[PDB]
>>> print(open('my_file-v4.txt').read())   # compact mmCIF, C-alpha atoms and all ligand atoms
# COMPACT_ATOMS: atom_id res chain seq x y z
CA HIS Z 4 -2.60 -13.71 -15.04
CA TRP Z 5 -0.13 -12.87 -12.24
CA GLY Z 6 -0.97 -13.46 -8.59
CA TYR Z 7 0.49 -14.76 -5.37
CA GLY Z 8 0.18 -18.50 -5.94
CA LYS Z 9 2.86 -21.15 -6.37
CA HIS Z 10 2.75 -20.77 -10.04
CA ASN Z 11 2.16 -17.09 -10.70
CA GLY Z 12 3.64 -15.27 -7.64
CA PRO Z 13 6.33 -12.64 -7.38
CA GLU Z 14 9.24 -14.80 -8.69
CA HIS Z 15 7.32 -15.27 -11.96
CA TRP Z 16 6.30 -11.66 -12.58
CA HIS Z 17 9.42 -10.75 -14.51
CA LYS Z 18 8.40 -12.97 -17.41
CA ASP Z 19 5.53 -10.60 -18.30
CA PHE Z 20 6.77 -7.46 -16.56
CA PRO Z 21 10.51 -7.23 -17.13
CA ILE Z 22 10.85 -4.07 -15.06
CA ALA Z 23 10.47 -6.50 -12.13
CA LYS Z 24 14.31 -6.73 -12.24
CA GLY Z 25 14.72 -2.90 -12.59
CA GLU Z 26 16.73 -0.39 -10.75
CA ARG Z 27 14.08 1.18 -8.53
CA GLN Z 28 11.75 -1.77 -7.47
CA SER Z 29 9.71 -1.90 -4.29
CA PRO Z 30 9.30 -2.93 -1.57
CA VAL Z 31 12.74 -2.88 0.16
CA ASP Z 32 14.14 -3.61 3.53
CA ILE Z 33 14.61 -0.38 5.56
CA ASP Z 34 17.99 -0.70 7.33
CA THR Z 35 17.28 1.83 10.09
CA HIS Z 36 20.98 2.29 10.85
CA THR Z 37 21.90 3.12 7.19
CA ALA Z 38 18.94 5.51 6.60
CA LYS Z 39 20.18 8.98 7.06
CA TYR Z 40 18.35 11.71 8.84
CA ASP Z 41 17.68 14.50 6.34
CA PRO Z 42 17.02 17.79 8.25
CA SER Z 43 15.86 19.30 4.90
CA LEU Z 44 12.80 16.94 4.86
CA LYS Z 45 9.53 18.65 5.78
CA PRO Z 46 6.74 17.38 7.92
CA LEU Z 47 4.33 15.39 5.92
CA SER Z 48 0.95 17.24 5.25
CA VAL Z 49 -1.91 14.78 5.15
CA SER Z 50 -5.18 16.70 4.48
CA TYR Z 51 -7.99 14.20 4.51
CA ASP Z 52 -10.68 16.45 6.07
CA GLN Z 53 -12.82 16.32 2.85
CA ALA Z 54 -12.00 12.79 1.71
CA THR Z 55 -14.88 11.17 -0.16
CA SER Z 56 -14.84 7.37 -0.17
CA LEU Z 57 -17.09 5.77 -2.74
CA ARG Z 58 -16.74 2.03 -3.02
CA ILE Z 59 -14.81 -1.06 -1.91
CA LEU Z 60 -13.69 -3.60 -4.48
CA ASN Z 61 -12.22 -7.12 -4.28
CA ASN Z 62 -9.93 -7.07 -7.33
CA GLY Z 63 -8.73 -10.67 -6.95
CA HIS Z 64 -5.48 -9.68 -5.24
CA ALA Z 65 -6.57 -7.35 -2.43
CA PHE Z 66 -9.44 -5.00 -1.67
CA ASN Z 67 -9.35 -1.34 -2.69
CA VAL Z 68 -11.25 1.40 -0.85
CA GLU Z 69 -11.76 3.92 -3.67
CA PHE Z 70 -12.09 7.71 -3.33
CA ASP Z 71 -13.58 10.42 -5.49
CA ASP Z 72 -10.36 12.03 -6.90
CA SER Z 73 -12.22 14.37 -9.36
CA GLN Z 74 -11.31 17.35 -7.06
CA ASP Z 75 -8.51 18.24 -4.54
CA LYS Z 76 -10.27 16.83 -1.49
CA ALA Z 77 -7.90 14.36 0.09
CA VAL Z 78 -4.29 15.32 -0.68
CA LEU Z 79 -0.74 14.54 0.47
CA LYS Z 80 1.92 17.25 0.26
CA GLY Z 81 5.06 18.32 2.00
CA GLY Z 82 7.38 15.66 3.29
CA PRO Z 83 9.82 14.82 0.37
CA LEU Z 84 7.17 15.84 -2.21
CA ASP Z 85 7.03 18.76 -4.67
CA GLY Z 86 3.52 19.59 -5.44
CA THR Z 87 0.10 18.06 -4.55
CA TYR Z 88 -0.87 14.39 -4.68
CA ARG Z 89 -4.56 13.29 -4.61
CA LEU Z 90 -5.74 10.20 -2.80
CA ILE Z 91 -7.27 7.65 -5.24
CA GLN Z 92 -7.49 4.50 -3.10
CA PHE Z 93 -6.10 2.53 -0.23
CA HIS Z 94 -5.56 -1.21 0.15
CA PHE Z 95 -3.53 -3.64 2.30
CA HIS Z 96 -1.15 -6.51 2.00
CA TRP Z 97 -1.25 -9.23 4.70
CA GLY Z 98 -0.05 -12.68 5.69
CA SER Z 99 -1.43 -16.11 6.39
CA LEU Z 100 0.18 -15.74 9.87
CA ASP Z 101 0.88 -12.67 12.05
CA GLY Z 102 4.62 -13.16 11.43
CA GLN Z 103 4.48 -12.09 7.86
CA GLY Z 104 2.39 -9.83 5.55
CA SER Z 105 4.13 -6.51 5.20
CA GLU Z 106 5.95 -5.65 1.97
CA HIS Z 107 8.55 -3.26 3.43
CA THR Z 108 10.54 -4.64 6.30
CA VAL Z 109 12.44 -2.80 9.01
CA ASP Z 110 15.84 -4.30 9.85
CA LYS Z 111 14.36 -7.47 8.22
CA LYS Z 112 11.30 -7.43 10.57
CA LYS Z 113 8.04 -8.32 8.90
CA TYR Z 114 4.83 -6.84 10.20
CA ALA Z 115 1.45 -8.62 10.04
CA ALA Z 116 0.18 -6.29 7.31
CA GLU Z 117 0.85 -3.02 5.52
CA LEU Z 118 -1.62 -0.32 4.43
CA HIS Z 119 -0.90 1.68 1.26
CA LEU Z 120 -2.62 5.05 0.67
CA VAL Z 121 -2.14 5.74 -3.02
CA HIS Z 122 -1.93 9.26 -4.37
CA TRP Z 123 -1.18 10.78 -7.80
CA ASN Z 124 0.56 14.01 -8.74
CA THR Z 125 -2.05 16.49 -9.89
CA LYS Z 127 0.41 18.04 -12.37
CA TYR Z 128 -0.22 14.98 -14.58
CA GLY Z 129 -4.02 15.33 -14.65
CA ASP Z 130 -4.97 11.70 -13.93
CA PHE Z 131 -3.72 8.47 -12.45
CA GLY Z 132 -3.05 6.72 -15.79
CA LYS Z 133 -0.80 9.54 -16.96
CA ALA Z 134 0.89 9.86 -13.53
CA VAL Z 135 2.03 6.22 -13.47
CA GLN Z 136 4.11 6.97 -16.64
CA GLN Z 137 6.22 9.53 -14.76
CA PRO Z 138 9.00 9.01 -12.22
CA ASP Z 139 7.39 11.40 -9.77
CA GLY Z 140 3.80 10.37 -10.65
CA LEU Z 141 2.71 8.74 -7.40
CA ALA Z 142 3.19 9.06 -3.67
CA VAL Z 143 2.30 5.98 -1.65
CA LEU Z 144 1.97 6.39 2.15
CA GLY Z 145 2.83 3.07 3.77
CA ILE Z 146 1.77 2.18 7.34
CA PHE Z 147 2.63 -1.05 9.12
CA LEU Z 148 0.08 -3.02 11.09
CA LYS Z 149 0.94 -5.10 14.18
CA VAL Z 150 -1.51 -7.32 16.02
CA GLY Z 151 -2.52 -6.14 19.51
CA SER Z 152 -5.36 -3.75 20.46
CA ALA Z 153 -8.17 -3.23 17.80
CA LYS Z 154 -8.06 -0.21 15.50
CA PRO Z 155 -11.56 1.25 15.95
CA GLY Z 156 -11.29 3.18 12.66
CA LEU Z 157 -10.65 -0.07 10.74
CA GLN Z 158 -13.77 -1.83 11.87
CA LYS Z 159 -16.08 -0.34 9.20
CA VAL Z 160 -13.76 -1.80 6.55
CA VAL Z 161 -13.62 -5.23 8.26
CA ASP Z 162 -17.46 -5.26 8.69
CA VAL Z 163 -18.01 -4.88 4.83
CA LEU Z 164 -15.57 -7.67 3.75
CA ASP Z 165 -18.15 -10.43 3.97
CA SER Z 166 -20.08 -8.57 1.15
CA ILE Z 167 -17.06 -8.63 -1.20
CA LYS Z 168 -15.72 -12.05 -0.46
CA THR Z 169 -14.81 -12.95 -3.96
CA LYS Z 170 -12.96 -11.43 -7.00
CA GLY Z 171 -14.95 -8.78 -8.88
CA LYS Z 172 -17.40 -8.07 -6.07
CA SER Z 173 -17.84 -4.45 -5.01
CA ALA Z 174 -19.97 -2.62 -2.42
CA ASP Z 175 -20.94 0.98 -1.79
CA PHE Z 176 -18.54 2.38 0.83
CA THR Z 177 -19.30 6.06 1.49
CA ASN Z 178 -18.35 8.35 4.31
CA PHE Z 179 -15.29 6.31 5.41
CA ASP Z 180 -12.67 8.55 7.15
CA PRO Z 181 -9.15 7.33 6.35
CA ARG Z 182 -7.78 9.53 9.14
CA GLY Z 183 -8.88 6.74 11.52
CA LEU Z 184 -6.17 4.46 9.98
CA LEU Z 185 -3.17 6.69 10.82
CA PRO Z 186 -0.82 6.30 13.78
CA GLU Z 187 -0.11 9.29 16.10
CA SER Z 188 3.28 10.18 14.69
CA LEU Z 189 3.98 11.10 11.02
CA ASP Z 190 7.76 10.43 11.27
CA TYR Z 191 8.76 8.58 8.10
CA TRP Z 192 11.33 7.07 5.83
CA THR Z 193 11.30 7.87 2.11
CA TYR Z 194 12.93 6.51 -1.05
CA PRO Z 195 12.19 6.30 -4.80
CA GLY Z 196 10.57 3.10 -5.99
CA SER Z 197 7.81 1.34 -7.77
CA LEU Z 198 4.31 -0.16 -7.67
CA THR Z 199 4.64 -3.45 -5.82
CA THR Z 200 2.28 -5.37 -8.10
CA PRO Z 201 2.31 -5.54 -11.88
CA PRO Z 202 2.75 -3.41 -13.88
CA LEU Z 203 5.60 -2.66 -11.36
CA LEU Z 204 6.06 0.90 -12.80
CA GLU Z 205 8.88 2.91 -11.39
CA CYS Z 206 6.73 5.95 -10.60
CA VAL Z 207 6.48 6.06 -6.78
CA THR Z 208 7.87 8.25 -4.04
CA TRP Z 209 7.48 5.94 -1.05
CA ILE Z 210 6.73 7.43 2.33
CA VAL Z 211 6.80 4.73 4.98
CA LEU Z 212 5.71 5.72 8.54
CA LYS Z 213 7.87 4.63 11.43
CA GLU Z 214 5.03 4.04 13.89
CA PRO Z 215 2.82 1.04 13.19
CA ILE Z 216 -0.85 0.97 13.94
CA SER Z 217 -2.32 -1.68 16.22
CA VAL Z 218 -5.09 -3.93 14.85
CA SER Z 219 -6.70 -6.88 16.66
CA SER Z 220 -6.17 -10.52 15.89
CA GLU Z 221 -9.95 -10.66 15.02
CA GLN Z 222 -9.56 -7.74 12.51
CA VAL Z 223 -6.79 -9.38 10.57
CA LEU Z 224 -8.47 -12.79 10.70
CA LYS Z 225 -11.34 -11.24 8.80
CA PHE Z 226 -8.95 -10.07 6.07
CA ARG Z 227 -7.83 -13.69 5.75
CA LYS Z 228 -11.38 -14.86 5.07
CA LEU Z 229 -11.46 -13.06 1.73
CA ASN Z 230 -10.94 -15.05 -1.48
CA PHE Z 231 -8.63 -14.61 -4.48
CA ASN Z 232 -11.12 -16.60 -6.56
CA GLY Z 233 -14.40 -15.57 -8.12
CA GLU Z 234 -17.77 -16.69 -6.89
CA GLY Z 235 -18.46 -20.28 -7.59
CA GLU Z 236 -14.77 -21.14 -7.93
CA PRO Z 237 -12.52 -23.38 -5.72
CA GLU Z 238 -11.84 -21.35 -2.58
CA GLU Z 239 -8.35 -19.91 -2.40
CA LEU Z 240 -8.03 -17.74 0.73
CA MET Z 241 -6.66 -14.24 0.12
CA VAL Z 242 -3.50 -14.47 2.23
CA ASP Z 243 0.13 -13.71 1.57
CA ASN Z 244 -0.57 -11.03 -1.05
CA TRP Z 245 2.77 -9.30 -0.45
CA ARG Z 246 5.87 -9.00 -2.63
CA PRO Z 247 9.16 -9.67 -0.75
CA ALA Z 248 11.86 -6.99 -0.39
CA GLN Z 249 13.78 -6.18 -3.60
CA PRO Z 250 17.38 -5.09 -4.12
CA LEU Z 251 17.99 -1.52 -2.99
CA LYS Z 252 20.57 -0.92 -5.81
CA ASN Z 253 22.28 1.97 -3.94
CA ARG Z 254 19.23 4.12 -3.65
CA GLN Z 255 19.29 6.07 -0.45
CA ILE Z 256 16.57 5.81 2.18
CA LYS Z 257 16.10 9.13 4.06
CA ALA Z 258 14.64 9.57 7.56
CA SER Z 259 12.54 12.48 8.62
CA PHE Z 260 13.53 12.03 12.27
CA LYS Z 261 16.61 11.65 14.39
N1 LIG O 301 3.40 -13.92 -13.08
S1 LIG O 301 3.10 -13.76 -14.62
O1 LIG O 301 4.46 -13.70 -15.24
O2 LIG O 301 2.30 -12.65 -15.07
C1 LIG O 301 2.30 -15.15 -15.07
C2 LIG O 301 1.28 -15.37 -16.02
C3 LIG O 301 0.97 -16.79 -15.92
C4 LIG O 301 -0.01 -17.46 -16.69
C5 LIG O 301 -0.18 -18.84 -16.49
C6 LIG O 301 0.61 -19.53 -15.58
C7 LIG O 301 1.59 -18.91 -14.79
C8 LIG O 301 1.74 -17.53 -15.01
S2 LIG O 301 2.86 -16.54 -14.24
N1 LIG O 302 1.00 -1.81 -3.81
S1 LIG O 302 1.13 -0.35 -4.47
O1 LIG O 302 2.47 -0.13 -4.95
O2 LIG O 302 0.58 0.70 -3.58
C1 LIG O 302 0.11 -0.35 -5.84
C2 LIG O 302 -0.78 0.70 -6.28
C3 LIG O 302 -1.32 0.30 -7.60
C4 LIG O 302 -2.28 1.01 -8.31
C5 LIG O 302 -2.72 0.53 -9.56
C6 LIG O 302 -2.24 -0.69 -10.03
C7 LIG O 302 -1.27 -1.40 -9.34
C8 LIG O 302 -0.85 -0.91 -8.10
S2 LIG O 302 0.27 -1.71 -7.02
ZN ZN O 303 0.15 -1.95 -2.07
>>> encode(input="my_file-v4.txt", output="structure tokens", more="lines below")
Ligand SMILES: NS(=O)(=O)c1cc2ccccc2s1
Ligand SMILES: NS(=O)(=O)c1cc2ccccc2s1
Ligand SMILES: [Zn+2]
Amino acid sequence: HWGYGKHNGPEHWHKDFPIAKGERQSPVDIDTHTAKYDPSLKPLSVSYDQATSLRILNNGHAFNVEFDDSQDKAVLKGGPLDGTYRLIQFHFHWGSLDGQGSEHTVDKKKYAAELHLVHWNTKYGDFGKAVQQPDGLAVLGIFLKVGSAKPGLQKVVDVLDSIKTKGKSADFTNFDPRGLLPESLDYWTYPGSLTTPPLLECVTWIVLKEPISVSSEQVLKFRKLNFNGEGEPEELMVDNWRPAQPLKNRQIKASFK
């Protein structure tokens, strides 16, 4: 299977997932000078008032906080999007060190981690059908920098010792993902892909300009998770990010001047 090790990391993924070398791969470097302000972009609409978290899962590559997406209860709209996208899960990517971990970069700067809120276009009925479409998904990306704690993150960090290893899950109800957002919803957007296999080219990326602040202690607890299963040689879950991919003349658009 693919992963983030020496032998099965991002430079290997093309051998089983040839779209790895495609025309709309993610993540990318965001060259802030080349991204054009688009005054036709709308404010993003994040409506998470009724979000229903269910469970947290260590899938062997990250942890996913899963949501009940059987009704329109946590949706993203507006911004560059046509239509309504339902939140299905969020997860992060992070580094072994604070100097690396994010997947998108900004003028080649790497943040310590990046949060992805994954949503699917309700016109396609469910997530598995949406990932077959070029406008199937909208992923809201938020950078994390190390500084002051994010109080809304702490319930996620507190549960991680219960899902240390691959395949472990834990009930995770009543979690409010609004506590993970920054103040501003200014963003960049471009067309791209899932950043892990199967690397499908189905995502409208919406990357917020303003990072959130998490504490050193918060991110250290992410780095105590394991890629391995219980009873297996410990391999710390660190450096589960794909590096920036060729932009291939796509345009990155800014919502702000
Ligand atoms: N990264 S991958 O192309 O999916 C992959 C599968 C795989 C299996 C055994 C050893 C290395 C790799 S690399
Ligand atoms: N990292 S991501 O592009 O947000 C992502 C979401 C996602 C969902 C199902 C399977 C693979 C991936 S990879
Ligand atoms: Zn991701």
>>> residues_around(input="my_file-v4.txt", residues="residue 256 in chain Z", least_positions_apart="2", cutoff="7 Å", atoms="only C-alpha atoms", output="number ranges by chain")
Z: 38-39, 192-194, 254, 258
>>> residues_near_point(input="my_file-v4.txt", point="(6.9, -9.0, -14.5)", cutoff="12 Å", atoms="all atoms listed in the file", output="PyMOL selection string")
chain Z and resi 4-6+11-25+28+198-204+246
>>> residues_near_ligand(input="my_file-v4.txt", ligand="ligand LIG 302 (chain O)", cutoff="9 Å", atoms="all atoms listed in the file", output="compact mmCIF listing (two decimals) with C-alpha atoms, in the coordinates of the input")
# COMPACT_ATOMS: atom_id res chain seq x y z
CA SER Z 29 9.71 -1.90 -4.29
CA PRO Z 30 9.30 -2.93 -1.57
CA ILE Z 91 -7.27 7.65 -5.24
CA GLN Z 92 -7.49 4.50 -3.10
CA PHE Z 93 -6.10 2.53 -0.23
CA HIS Z 94 -5.56 -1.21 0.15
CA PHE Z 95 -3.53 -3.64 2.30
CA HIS Z 96 -1.15 -6.51 2.00
CA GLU Z 106 5.95 -5.65 1.97
CA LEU Z 118 -1.62 -0.32 4.43
CA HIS Z 119 -0.90 1.68 1.26
CA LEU Z 120 -2.62 5.05 0.67
CA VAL Z 121 -2.14 5.74 -3.02
CA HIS Z 122 -1.93 9.26 -4.37
CA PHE Z 131 -3.72 8.47 -12.45
CA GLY Z 132 -3.05 6.72 -15.79
CA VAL Z 135 2.03 6.22 -13.47
CA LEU Z 141 2.71 8.74 -7.40
CA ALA Z 142 3.19 9.06 -3.67
CA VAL Z 143 2.30 5.98 -1.65
CA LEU Z 144 1.97 6.39 2.15
CA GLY Z 145 2.83 3.07 3.77
CA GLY Z 196 10.57 3.10 -5.99
CA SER Z 197 7.81 1.34 -7.77
CA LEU Z 198 4.31 -0.16 -7.67
CA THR Z 199 4.64 -3.45 -5.82
CA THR Z 200 2.28 -5.37 -8.10
CA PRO Z 201 2.31 -5.54 -11.88
CA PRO Z 202 2.75 -3.41 -13.88
CA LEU Z 203 5.60 -2.66 -11.36
CA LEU Z 204 6.06 0.90 -12.80
CA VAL Z 207 6.48 6.06 -6.78
CA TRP Z 209 7.48 5.94 -1.05
CA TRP Z 245 2.77 -9.30 -0.45
CA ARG Z 246 5.87 -9.00 -2.63
>>> closest_residue(input="my_file-v4.txt", among="Z:71, Z:214, Z:34, Z:117", to="ligand ZN 303 (chain O)", atoms="all atoms listed in the file")
Z:117
>>> atom_distance(input="my_file-v4.txt", atom1="CA of residue 195 in chain Z", atom2="CA of residue 139 in chain Z")
8.6 Å
>>> closest_residue(input="my_file-v4.txt", among="Z:133, Z:76, Z:113, Z:168", to="residue 225 in chain Z", atoms="only C-alpha atoms")
Z:168
>>> atom_distance(input="my_file-v4.txt", atom1="atom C3 of ligand LIG 301 (chain O)", atom2="CA of residue 104 in chain Z")
22.6 Å
>>> residues_around(input="my_file-v4.txt", residues="residue 66 in chain Z", least_positions_apart="2", cutoff="9 Å", atoms="only C-alpha atoms", output="PyMOL selection string")
chain Z and resi 59-64+68+93-95+164+167+229
>>> atom_distance(input="my_file-v4.txt", atom1="CA of residue 81 in chain Z", atom2="CA of residue 97 in chain Z")
28.4 Å
>>> residues_around(input="my_file-v4.txt", residues="residue 220 in chain Z", least_positions_apart="3", cutoff="10 Å", atoms="only C-alpha atoms", output="ChimeraX atom specification")
/Z:101,115,149-153,217,223-225
>>> axis_aligned_box(input="my_file-v4.txt", around="ligand LIG 301 (chain O)", padding_each_side="8 Å", output="AutoDock Vina command-line options")
--center_x 2.1 --center_y -16.1 --center_z -14.9 --size_x 20.6 --size_y 22.9 --size_z 19.6
>>> closest_residue(input="my_file-v4.txt", among="Z:58, Z:27, Z:80, Z:107", to="ligand ZN 303 (chain O)", atoms="only C-alpha atoms and all ligand atoms")
Z:107
>>> closest_residue(input="my_file-v4.txt", among="Z:99, Z:190, Z:65, Z:83", to="ligand ZN 303 (chain O)", atoms="only C-alpha atoms and all ligand atoms")
Z:65
>>> closest_residue(input="my_file-v4.txt", among="Z:74, Z:105, Z:253, Z:171", to="ligand ZN 303 (chain O)", atoms="only C-alpha atoms and all ligand atoms")
Z:105
>>> closest_residue(input="my_file-v4.txt", among="Z:160, Z:116, Z:79, Z:251", to="ligand ZN 303 (chain O)", atoms="only C-alpha atoms and all ligand atoms")
Z:116
>>> residues_around(input="my_file-v4.txt", residues="residue 72 in chain Z", least_positions_apart="3", cutoff="10 Å", atoms="all atoms listed in the file", output="list in words")
residues 54, 55, 56, 69, 75, 76, 77, 78, 89, 90, 91, 92, 122, 123, 125, 130 and 131 of chain Z
>>> write_last_selection(input="my_file-v4.txt", atoms="C-alpha atoms", output="short mmCIF file (atom, residue, chain, number, x, y, z; two decimals), keeping the file's coordinate frame")
data_model
loop_
_atom_site.label_atom_id
_atom_site.label_comp_id
_atom_site.auth_asym_id
_atom_site.auth_seq_id
_atom_site.Cartn_x
_atom_site.Cartn_y
_atom_site.Cartn_z
CA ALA Z 54 -12.00 12.79 1.71
CA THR Z 55 -14.88 11.17 -0.16
CA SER Z 56 -14.84 7.37 -0.17
CA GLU Z 69 -11.76 3.92 -3.67
CA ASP Z 75 -8.51 18.24 -4.54
CA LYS Z 76 -10.27 16.83 -1.49
CA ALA Z 77 -7.90 14.36 0.09
CA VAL Z 78 -4.29 15.32 -0.68
CA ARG Z 89 -4.56 13.29 -4.61
CA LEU Z 90 -5.74 10.20 -2.80
CA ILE Z 91 -7.27 7.65 -5.24
CA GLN Z 92 -7.49 4.50 -3.10
CA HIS Z 122 -1.93 9.26 -4.37
CA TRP Z 123 -1.18 10.78 -7.80
CA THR Z 125 -2.05 16.49 -9.89
CA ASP Z 130 -4.97 11.70 -13.93
CA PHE Z 131 -3.72 8.47 -12.45
#
>>> residues_near_point(input="my_file-v4.txt", point="(13.7, -4.5, 1.4)", cutoff="7 Å", atoms="only C-alpha atoms", output="list in words")
residues 30, 31, 32, 33, 107, 108, 248, 249, 250 and 251 of chain Z
